[PDB]
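All chains are named by letter (A, B, ...) in the order of the sequence lines, taking the proteins before the strands, and each is independently numbered beginning at 1. Quick note: numbers below take in every heavy atom, side chains included, and nothing from hydrogens, waters or symmetry partners.
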2 protein chains.
Amino acid sequence: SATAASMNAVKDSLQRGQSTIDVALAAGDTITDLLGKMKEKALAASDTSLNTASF
Amino acid sequence: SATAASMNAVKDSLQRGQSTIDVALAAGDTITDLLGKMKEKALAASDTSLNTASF
């Protein structure tokens, strides 16, 4: 009975790990969107025909 | 007849022994529930993800 009652702490630890994972994935897809915009801006700046101002 | 009369003291002694075992098992029930709560507390406190306050 004590061993069965002890599982609630394991459940709470798995809850907290799922929450930390969720916050990490939210930051992660935000960072992926930002990285895609970075690659677009870098390729847009790569060409030599641009003026100094747009560069 | 004297030996037959003597049984009452043995009966009273076994009565006191049963009473002492009863109070001991009541304390044991409390101590076992308390030890199970201690297991849950230490098991929840094993986490490395906890903040210092909950620890």
Query raised in the report: Quick one: CG on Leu35(B) to OG1 on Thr30(B), what's the gap to the nearest 0.5 Å?
Result: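 It comes to 11.0 Å.
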Practice task
Using heavy atoms and a sub-4.5 Å threshold, report which of residues 37-54 of chain B line up against chain A, by residue number.
Solution key: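 Hits under 4.5 Å: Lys39(B), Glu40(B), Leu43(B), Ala44(B), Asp47(B), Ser49(B), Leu50(B).
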Original post:
Are there residues of residues 13-28 of chain A that reach to under 4.5 Å of chain B by heavy atoms, and which ones?
Top reply: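 The stretch touches chain B at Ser13(A), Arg16(A).
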